[PDB]
Amino acid sequence: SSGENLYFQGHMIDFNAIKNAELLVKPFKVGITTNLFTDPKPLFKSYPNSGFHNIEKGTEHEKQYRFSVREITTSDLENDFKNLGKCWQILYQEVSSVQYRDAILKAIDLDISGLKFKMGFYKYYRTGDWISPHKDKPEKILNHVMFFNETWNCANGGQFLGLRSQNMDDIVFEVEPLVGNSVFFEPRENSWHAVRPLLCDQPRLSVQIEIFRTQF
Ligand SMILES: N[C@@H]1[C@@H](O)[C@@H](C(=O)O)O[C@@H]2[C@@H]1O[C@@H](n1ccc(=O)[nH]c1=O)[C@@H]2OP(=O)(O)O
Ligand SMILES: [Cl-]
Ligand SMILES: [V+3]
C-alpha cells in the first residue's frame with residue numbers, strides 16, 4: 001500500500017523526458033522519448049472516437065498512405081474543447097507553453113519561439129493502414145509524433161520506422177507505438193521514415209504536432 005501523502009505531478013507532459021530524450025544525430029537528428037506522460041494510463045480511453053476522416057493516397061502521389069485524421073481546429077479553441085476530453089485541452093496548452101519551447105531548445109538546440117503549429121489525431125486502425133517512406137514537408141521546422149496505446153502487439157505491424165533512404169527495408173531504428181514513446185525531429189533532405197503497415201484491425205492511436213513558419 002502506498003503512503004497517505006501527496007505526490008508531485010507538475011504537468012501532463014514530463015518535460016524532462018524531452019530534455020533527456022534519446023538523441024540520434026545519424027542517420028538524421030531525431031529525439032526519442034520514453035515515459036513522456038506523467039499519467040499515461042487513462043489517455044488511451046480518452047482518445048477521441050468520432051470526428052475522423054479517412055484519407056488515402058496511392059502511387060499517383062509522392063507518398064502513399066491510408067489512415068484517418070481528426071484535426072484540432074479553431075472551432076475547438078473557441079468552444080473550450082467541449083467535444084474532446086479535458087486531457088486534450090491540457091495537451092494543447094502544454095505544447096503551446098514556454099516549457100515546451102524550453103525543453104525542445106535544450107534537447108535539440110532548435111528554438112521554436114514565435115513559430116506556428118498544427119495538432120491532429122492520426123489513427124491507423126484497419127489492416128493495411130500505413131505511410132510510405134517520406135521525409136516530411138520542408139515547410140515543417142519540427143514534427144513531434146506522440147503515441148497513446150496502452151498495449152501493442154508488435155506482430156500487428158505499426159512500428160515507426162527510421163530509415164536510411166526511401167525504402168521500407170532500409171531500417172535503422174524502430175519505435176513501438178506505446179504511450180510515453182514519441183519521436184521528434186526537424187524534417188531534412190534525409191529524414192526518411194515510415195509506418196510499417198498494420199496486419200490486424202487494431203487501433204494505433206497518435207497525435208502529431210507540426211511546427212512551421214510558412215503555412216502548408
Ligand atoms: N501530416 C502528414 C505528414 O506526413 C505531412 C508531411 O508530408 O510532412 O503530409 C501530410 C500528412 O498527412 C496528410 N494529411 C491528410 C489529411 C489532413 O487533413 N491533413 C494532412 O496533413 C498530408 O499528406 P499529403 O496528402 O501528402 O499532403
Ligand atoms: Cl515569415
Ligand atoms: V512523417
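We use all heavy atoms of the structure for the numbers below, so side chains are in, but hydrogens, waters and symmetry mates are not. In each ligand, atom 1 is the first atom listed, and ligand 1 is the first ligand listed. Start at 1 with the first residue, then count along the sequence.
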**Prompt:** How does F216 reach ligand 1, by side chain, by backbone, by both or by neither, if only non-hydrogen atoms under 4.0 Å count?
**Reply:** neither
**Prompt:** With atoms numbered from 1 as shown, which atoms in ligand 1 lie under 4.0 angstrom from a non-hydrogen atom of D136?
**Reply:** 4 (O), 6 (C), 7 (O), 8 (O)
**Request:** Taking only heavy atoms of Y122 into account, list the atoms of ligand 1 that are under 4.0 Å away from them.
**Result:** 1 (N), 12 (O), 19 (N), 20 (C), 21 (O)
**Heteroatom proximity flag, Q208 to ligand 1, N/O under 3.5 Å** = no
**Request:** Would you mind checking which non-hydrogen protein atom is closest to atom 17 (C) of ligand 1, with the distance to 0.1 Å?
**Result:** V69 CG1, 4.1 Å
**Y124 ring center within less than 6.0 Å of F67 ring center** = yes
**Request:** Taking atom types as modelled, find out whether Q215 and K118 have a side-chain donor-acceptor pair closer than 3.5 angstrom.
**Result:** yes
**Asked** Judged by non-hydrogen atoms, does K118 sit under 4.0 Å from ligand 1?
**Response** no
**Message:** So if I count the atoms of ligand 1 from 1 in the order they appear, which ones are less than 4.0 Å from some heavy atom of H134?
**Reply:** 4 (O)
**Message:** Quick test: of every protein heavy atom, which one is nearest to atom 11 (C) of ligand 1, and how far off is it to 0.1 Å?
**Reply:** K63 CE, 4.2 Å
**Prompt:** Counting only heavy atoms not in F216, do more than 12 fall under 6.0 Å of its CZ?
**Reply:** yes
**Message:** Could you tell me if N16 and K19 have a donor-acceptor pair between their side chains, going purely by distance under 3.5 Å?
**Reply:** no
**Asked** Does a sphere of radius 6.0 Å around CD in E4 hold more than 12 heavy atoms from other residues, nucleotides or ligands, not counting ones at 6.0 Å or beyond?
**Response** no
**Prompt:** To which protein heavy atom is atom 25 (O) of ligand 1 closest, and what is the distance rounded to 0.1 Å?
**Reply:** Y65 OH, 2.6 Å
**Prompt:** Does NE2 in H53 sit with more than 12 non-hydrogen atoms of other residues, nucleotides or ligands closer than 6.0 Å?
**Reply:** no
**atom 27 (O) of ligand 1 - nearest protein heavy atom and its distance** = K137 NZ, 2.6 Å
**Message:** List ligand 1 atoms under 4.0 Å from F67, heavy atoms only on the residue side.
**Reply:** 12 (O)
**Asked** Does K123 count as lying over the ring of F52, i.e. NZ or CZ under 6.0 Å from the six-ring centre, within 45 degrees of the axis?
**Response** yes
**Message:** If the cut-off is 4.0 Å to any non-hydrogen atom of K140, which atoms of ligand 1 fall inside it?
**Reply:** 3 (C), 5 (C), 6 (C), 8 (O)
**Prompt:** What do you reckon, is NZ of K106 surrounded by more than 12 foreign heavy atoms closer than 6.0 Å?
**Reply:** no
**Message:** I'd like to know if the side chain of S96 and the backbone of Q93 have a donor-acceptor N/O pair within less than 3.5 Å.
**Reply:** yes
**Item:** For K57, atoms of ligand 1 separated by under 4.0 Å from a heavy atom
**Value:** 25 (O)
**Prompt:** Is it true that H61 lies under 4.0 Å from ligand 1, counting heavy atoms only?
**Reply:** yes
**Structural part of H53 in contact with ligand 1, heavy atom criterion under 4.0 angstrom** = neither
**Asked** Taking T33 for the side chain and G180 for the main chain, is one N or O donor matched with an acceptor at less than 3.5 Å?
**Response** yes
